[PDB]
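Taking the form deposited in one PDB entry, here's one chain by itself in structure tokens.
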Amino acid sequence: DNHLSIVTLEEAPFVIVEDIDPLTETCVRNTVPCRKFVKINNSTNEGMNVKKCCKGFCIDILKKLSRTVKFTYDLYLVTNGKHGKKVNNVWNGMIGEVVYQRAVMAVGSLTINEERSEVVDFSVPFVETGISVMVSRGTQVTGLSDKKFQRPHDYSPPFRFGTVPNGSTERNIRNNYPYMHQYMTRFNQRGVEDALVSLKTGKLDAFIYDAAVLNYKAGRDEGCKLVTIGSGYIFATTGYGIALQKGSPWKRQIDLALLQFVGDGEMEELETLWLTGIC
């Protein structure tokens, strides 16, 4: 069968979730149907799949892959965690959905890294990312290895910096720089919008996060005050990839289709359509 369960996760501009037109119950314009499971209450795990609509950079990629690779799909938003983290030896998030065969693939702002590649197969990266550092203009930070980050209590007052936990960026910091990691947790941000407000109002000195999302936010920042250090410099370069089950039969055609999109200039165009910044 060519009808595939596919999981995603909202993260603008890669995946943007909108309410469906209630009269028509049909998704239009550049959006596709996507459902989200929402609990009735806090006593039981009973819930309902809410019909919603999804659009964005990754959704246009999914639509093109559906056409060229020849499949249909049932797109759903993950609700057990977010991108993917191994908790007590059990992957949650989009990675977990693929590992435990609830989704044939995961399409979204899903970072390729080594530990995830041990449990899923990734397509070719379809957009470059990594780790960047966002600051308010003028804050001086040489890079991730700035000793303001590495040995923060060498400085008085110490640098205030954080990430959104449980994703690939925290995993990288935790693995590479243990003292820096344990220090940052007190500055953990609940999400990107929280972090950006914390930066703009001077409650945080730096926000360390996915490079593609940070550089998209810098390009849109009102007043162009929030910038990524270097000039959009990317540490630990990697990419977003489609996650597939290990040994998935779909990987080859997905790979070739994504590279065809590159070869025909369509990825360049998608990049310009969704990720361009005023700043």
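In case it trips you up, residue 1 is the first one in the sequence shown, and so on. Definition used throughout: the rigid core is the maximal C-alpha set that superposes within 1.5 Å between two forms.
Although it is not shown, the form deposited in another entry is what the next lines describe.
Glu193 is the only residue from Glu193, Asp74, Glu115, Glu128 whose Cα shifts by 2 Å or more between this form and the one not shown, the rigid core being superposed. Relative to the superposed core, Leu226 shifts its CA atom by 2 Å or more between this form and the one not shown.
Here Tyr177 counts as shifted, since its C-alpha moves by at least 2 Å between this form and the one not shown after the core is aligned. Comparing the forms between this form and the one not shown on their rigid core, the Cα displacement of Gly96 stays under 2 Å.
Relative to the shown form, the Cα atoms of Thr8 and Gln189 move apart by 3 Å or more in the other form.
Legend note: Cα of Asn80 to Cα of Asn42 is at least 3 Å closer in the other form than in the depicted form.
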